[PDB]
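Notes follow once the structure below has been shown.
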Amino acid sequence: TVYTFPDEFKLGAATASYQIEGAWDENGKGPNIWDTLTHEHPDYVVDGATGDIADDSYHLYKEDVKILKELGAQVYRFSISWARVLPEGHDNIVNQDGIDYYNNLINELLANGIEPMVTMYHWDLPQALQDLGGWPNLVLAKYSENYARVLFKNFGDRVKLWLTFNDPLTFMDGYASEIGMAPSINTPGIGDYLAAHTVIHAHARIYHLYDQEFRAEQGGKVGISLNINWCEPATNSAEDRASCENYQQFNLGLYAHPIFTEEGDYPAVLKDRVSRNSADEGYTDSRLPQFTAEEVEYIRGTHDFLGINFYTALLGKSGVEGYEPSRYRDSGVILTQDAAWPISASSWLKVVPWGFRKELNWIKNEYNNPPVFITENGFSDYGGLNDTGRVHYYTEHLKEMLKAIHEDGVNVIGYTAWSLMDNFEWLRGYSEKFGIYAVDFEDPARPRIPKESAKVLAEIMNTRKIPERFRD
Ligand SMILES: O=[N+]([O-])c1ccc(O[C@@H]2O[C@H](CO)[C@@H](O)[C@H](O)[C@H]2O)cc1
């Protein structure tokens with residue numbers, strides 16, 4: 001039983017628009033911040049790669065559905081490109097080609113018995129909105145509501161699972177370095193917090209919009225996807241345990257405390273540590289923005305489920321490091337990884353499957369056991385179809401999740417493997433492979449070929465159990 005999926009549990013796979021679509025300027029699509037980064041700053045990206053073509057899923061979406069059907073996916077999580085739909089960012093112009101494209105994908109999925117799950121924002125902000133300052137500018141919350149309205153209006157009759165944002169903890173970091181994630185702005189400890197504040201407001205506006213204008217007719221669910229790693233105490237001391245709690249609150253709690261708790265607002269430790277550090281450095285005002293009481297009440301409770309992106313673990317010890325100012329320095333934890341942990345093709349990604357069970361329990365206890373949908377979990381290598389490391393990664397993480405469900409009572413309701421195909425991997429270009437299907441980026445037809453992990457995942461999805469050969 002601990003190896004069997006609950007009957008209603010949803011299994012599938014996931015992708016993101018800029019990572020797969022290509023067709024970056026085709027049929028009316030406007031430019032986004034990743035078009036800008038890869039065109040203007042190829043020195044930031046491995047091999048100077050771009051997402052101009054990527055997997056060419058704009059043209060090859062029927063092939064993507066074919067492989068999802070082969071895999072036996074029940075749900076396909078994909079994201080919508082904001083600038084493909086609203087090329088100017090604002091809602092004055094709706095690109096019919098964009099509407100037709102996503103309807104064509106949704107309809108193809110449904111005709112093949114696969115449920116669509118749509119992420120509204122996976123990092124590809126229209127450049128016209130970045131030119132106003134992007135996420136640090138609170139005006140983007142209303143622009144995000146207007147974008148969501150166009151999505152609910154056009155697609156909500158058929159789409160019943162929505163995520164507003166994918167991993168703002170990472171995308172806010174685009175405002176904390178001059179050479180990093182788009183838009184590559186160096187405002188650490190200041191602009192990244194402003195970006196977080198806008199995203200939280202935007203998410204809350206989108207959820208209220210669904211309640212007011214769409215839920216009664218459409219009957220779907222709206223969540224948000226938050227990335228978090230497990231943080232294990234470097235030693236068993238109370239002080240190192242405190243540092244791990246700081247990590248959880250500064251990385252997951254930053255977004256989840258305002259939305260998923262009864263109290264709302266940012267975590268106290270976040271408010272308090274940033275206030276103290278700002279005062280010690282001579283600022284008149286805290287670097288952390290504030291919510292009014294009315295805003296706290298508006299934002300809290302804006303969820304039907306919690307999306308979790310989980311990849312790895314860290315060790316945390318008591319102390320402070322990082323540059324002043326920065327979110328890492330403010331967080332009051334020294335983070336490392338254990339050299340014993342198995343490695344991947346990504347410097348930051350170590351294989352620590354027991355950390356997934358620990359994290360699921362931390363979430364259960366902090367947020368009163370919300371329904372959790374694992375929206376990303378996966379592994380990198382440099383290439384190859386006989387992807388034993390990826391197979392092991394998936395089987396171990398699924399086993400740990402199933403223990404969380406069955407033994408620990410955690411309400412996990414679905415899981416989409418990251419990712420369906422090898423991707424444009426952001427600053428890593430085409431150098432790192434996260435797919436369960438390989439794609440030949442040198443072949444204009446971009447054929448998709450199953451790896452061993454795709455065959456194992458199909459076996460899991462078909463049998464609804466972890467096969468005996470992978471059990472302890
Ligand atoms: O803190 N971490 O461990 C972490 C943060 C952000 C992450 O981001 C993920 O990274 C994947 C692999 O590159 C991308 O394909 C995917 O688009 C992205 O959501 C993944 C992991």
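Every chain in the structure tokens has a letter given in the order shown (A, B, ...), and although residue numbers restart at 1 in each chain, ligands are simply numbered from 1 in the order shown.
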Within 8 Å of ligand 1 (counting only C-alpha atoms and all ligand atoms), which residues show up? I'd like them as a ChimeraX atom specification. /A:15-16,19,122,166-167,169-170,227-229,309-313,346,348-349,376,378-380,418-419,423-426,428,432,434
How close does each residue of segment 386-452 of chain A get to segment 351-367 of chain A, giving the shortest atom pair and distance in Å to one decimal for every residue with an atom at most 12 Å away, counting only C-alpha atoms, sorted by chain and residue number, as CSV?
```
residue,atom,partner,partner_atom,distance
A:389,CA,A:351,CA,9.4
A:390,CA,A:351,CA,10.0
A:391,CA,A:351,CA,12.0
A:392,CA,A:351,CA,9.5
A:393,CA,A:351,CA,7.0
A:394,CA,A:353,CA,9.1
A:395,CA,A:353,CA,9.5
A:396,CA,A:353,CA,6.0
A:397,CA,A:353,CA,5.2
A:398,CA,A:353,CA,8.8
A:399,CA,A:353,CA,8.7
A:400,CA,A:357,CA,5.4
A:401,CA,A:357,CA,5.9
A:402,CA,A:357,CA,8.7
A:403,CA,A:357,CA,7.3
A:404,CA,A:357,CA,5.6
A:405,CA,A:360,CA,9.0
A:406,CA,A:357,CA,11.3
A:407,CA,A:357,CA,10.3
A:408,CA,A:361,CA,7.4
A:409,CA,A:364,CA,8.6
A:410,CA,A:364,CA,6.1
A:411,CA,A:364,CA,7.9
A:412,CA,A:360,CA,8.5
```
Residues from last step as file, N, CA, C and O atoms, as a CSV table (one decimal), in the first residue's frame:
```csv
chain,number,residue,atom,x,y,z
A,389,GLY,N,20.5,7.6,-13.7
A,389,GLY,CA,20.5,8.6,-12.6
A,389,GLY,C,19.1,9.3,-12.5
A,389,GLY,O,18.6,9.4,-11.4
A,390,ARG,N,18.5,9.6,-13.7
A,390,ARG,CA,17.2,10.2,-13.7
A,390,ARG,C,16.1,9.2,-13.2
A,390,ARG,O,15.2,9.5,-12.5
A,391,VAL,N,16.2,7.9,-13.7
A,391,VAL,CA,15.3,6.9,-13.3
A,391,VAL,C,15.3,6.7,-11.7
A,391,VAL,O,14.3,6.7,-11.1
A,392,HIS,N,16.5,6.6,-11.2
A,392,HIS,CA,16.7,6.5,-9.7
A,392,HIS,C,16.2,7.8,-9.0
A,392,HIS,O,15.6,7.7,-7.9
A,393,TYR,N,16.4,8.9,-9.6
A,393,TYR,CA,15.9,10.2,-9.0
A,393,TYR,C,14.4,10.1,-8.8
A,393,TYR,O,13.8,10.4,-7.8
A,394,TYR,N,13.7,9.8,-9.9
A,394,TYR,CA,12.2,9.7,-9.9
A,394,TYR,C,11.7,8.6,-9.0
A,394,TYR,O,10.8,8.9,-8.2
A,395,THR,N,12.2,7.4,-9.1
A,395,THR,CA,11.7,6.4,-8.3
A,395,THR,C,11.9,6.7,-6.8
A,395,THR,O,11.0,6.4,-6.0
A,396,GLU,N,13.1,7.2,-6.4
A,396,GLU,CA,13.3,7.5,-5.0
A,396,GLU,C,12.4,8.7,-4.5
A,396,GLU,O,11.8,8.6,-3.4
A,397,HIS,N,12.3,9.8,-5.3
A,397,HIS,CA,11.4,10.9,-4.9
A,397,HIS,C,10.0,10.5,-4.8
A,397,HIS,O,9.3,10.9,-3.9
A,398,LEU,N,9.5,9.7,-5.8
A,398,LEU,CA,8.1,9.2,-5.7
A,398,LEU,C,7.9,8.3,-4.5
A,398,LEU,O,6.9,8.4,-3.8
A,399,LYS,N,8.9,7.4,-4.1
A,399,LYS,CA,8.7,6.6,-2.9
A,399,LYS,C,8.6,7.5,-1.7
A,399,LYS,O,7.8,7.2,-0.8
A,400,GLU,N,9.4,8.5,-1.6
A,400,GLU,CA,9.4,9.4,-0.4
A,400,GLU,C,8.1,10.2,-0.3
A,400,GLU,O,7.6,10.3,0.8
A,401,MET,N,7.6,10.6,-1.5
A,401,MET,CA,6.3,11.3,-1.5
A,401,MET,C,5.2,10.3,-1.1
A,401,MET,O,4.3,10.7,-0.3
A,402,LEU,N,5.2,9.1,-1.5
A,402,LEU,CA,4.2,8.1,-1.1
A,402,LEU,C,4.3,7.8,0.4
A,402,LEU,O,3.2,7.6,1.0
A,403,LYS,N,5.5,7.8,1.0
A,403,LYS,CA,5.6,7.7,2.4
A,403,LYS,C,5.0,8.9,3.1
A,403,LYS,O,4.3,8.8,4.1
A,404,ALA,N,5.2,10.1,2.6
A,404,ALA,CA,4.6,11.3,3.1
A,404,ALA,C,3.1,11.2,3.1
A,404,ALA,O,2.4,11.6,4.1
A,405,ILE,N,2.5,10.7,2.0
A,405,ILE,CA,1.1,10.5,1.9
A,405,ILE,C,0.6,9.5,2.9
A,405,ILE,O,-0.3,9.7,3.7
A,406,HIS,N,1.1,8.3,2.7
A,406,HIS,CA,0.5,7.1,3.4
A,406,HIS,C,0.9,7.0,4.9
A,406,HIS,O,0.0,6.6,5.7
A,407,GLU,N,2.2,7.3,5.2
A,407,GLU,CA,2.6,7.1,6.6
A,407,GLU,C,2.5,8.4,7.4
A,407,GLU,O,2.3,8.4,8.6
A,408,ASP,N,2.6,9.6,6.7
A,408,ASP,CA,2.6,10.9,7.4
A,408,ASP,C,1.3,11.7,7.3
A,408,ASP,O,1.2,12.7,7.9
A,409,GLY,N,0.4,11.2,6.4
A,409,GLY,CA,-0.9,11.9,6.3
A,409,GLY,C,-0.8,13.3,5.5
A,409,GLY,O,-1.7,14.1,5.7
A,410,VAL,N,0.2,13.5,4.7
A,410,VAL,CA,0.3,14.7,4.0
A,410,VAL,C,-0.6,14.7,2.7
A,410,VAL,O,-0.6,13.7,2.0
A,411,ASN,N,-1.4,15.7,2.6
A,411,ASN,CA,-2.4,15.8,1.5
A,411,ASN,C,-1.8,16.1,0.1
A,411,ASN,O,-2.1,17.2,-0.4
A,412,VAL,N,-0.9,15.3,-0.4
A,412,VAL,CA,-0.4,15.5,-1.8
A,412,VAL,C,-1.4,14.9,-2.8
A,412,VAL,O,-1.8,13.7,-2.6
```
If we count only C-alpha atoms, what is near segment 302-307 of chain A at a cut-off of 9 Å, once residues fewer than 6 positions away on the same chain are taken out, given as an NGL selection string? :A and (163 or 166 or 203-208 or 221-227 or 256 or 259-260 or 370-376)
Give the strand (DSSP E or B) residues of segment 243-417 of chain A, as DSSP finds them on the backbone, and put them as an MDAnalysis selection string. chainID A and resid 305:309 313:317 334:336 372:376 381 412:417
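Using only C-alpha atoms, the smallest distance between any of A:433, A:158, A:448, A:273 and residue 328 of chain A comes from A:273.
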Atom pair atom CA of residue 258 of chain A / atom CA of residue 369 of chain A: separation (Å): 15.9 Å
Quick one: everything within 8 Å of residue 327 of chain A, counting only C-alpha atoms, minus sequence neighbours fewer than 4 positions away in the same chain. Send it as a VMD selection string. chain A and resid 188 to 189 250 331
Export of prior selection with C-alpha atoms as an mmCIF file, in the first residue's frame:
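Once everything was written out, this is part-v3.cif:
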```cif
data_model
loop_
_atom_site.group_PDB
_atom_site.id
_atom_site.type_symbol
_atom_site.label_atom_id
_atom_site.label_comp_id
_atom_site.auth_asym_id
_atom_site.auth_seq_id
_atom_site.Cartn_x
_atom_site.Cartn_y
_atom_site.Cartn_z
ATOM 1 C CA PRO A 188 19.775 42.867 -4.302
ATOM 2 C CA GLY A 189 18.019 43.268 -0.955
ATOM 3 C CA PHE A 250 12.975 33.369 4.059
ATOM 4 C CA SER A 331 18.116 35.288 6.183
#
```
Do you know which residues are at most 6 Å from residue 275 of chain A counting only C-alpha atoms, after dropping those on the same chain fewer than 3 positions away, and could you put them as a CSV table (one decimal) with C-alpha atoms, in the first residue's frame?
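Output contents, as saved in around.csv:
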```
chain,number,residue,atom,x,y,z
A,272,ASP,CA,12.2,41.6,12.1
A,278,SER,CA,18.1,48.2,7.6
A,286,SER,CA,13.1,49.1,6.2
```
Those of segment 188-424 of chain A in DSSP alpha helix (DSSP H), formatted as a VMD selection string: chain A and resid 191 to 209 215 to 218 238 to 248 254 to 260 268 to 280 293 to 299 327 to 331 354 to 367 388 to 406
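Counting from atom CA of residue 257 of chain A, the distance to atom CA of residue 150 of chain A is 28.4 Å.
Counting only C-alpha atoms and comparing A:61, A:341, A:34, A:143, the residue that lies closest to residue 86 of chain A is A:143.
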For residue 94 of chain A, which of A:439, A:195, A:151, A:279 is the closest residue, counting only C-alpha atoms?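 With only C-alpha atoms as the atom set, the closest residue is A:151.
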Between A:18, A:72, A:33, A:199, which has the minimum distance to residue 460 of chain A (counting only C-alpha atoms)? A:72
Any idea what's packed within 8 Å of residue 13 of chain A, counting only C-alpha atoms, ignoring anything in its chain fewer than 5 positions away? Could you give it as a count of residues only? 11
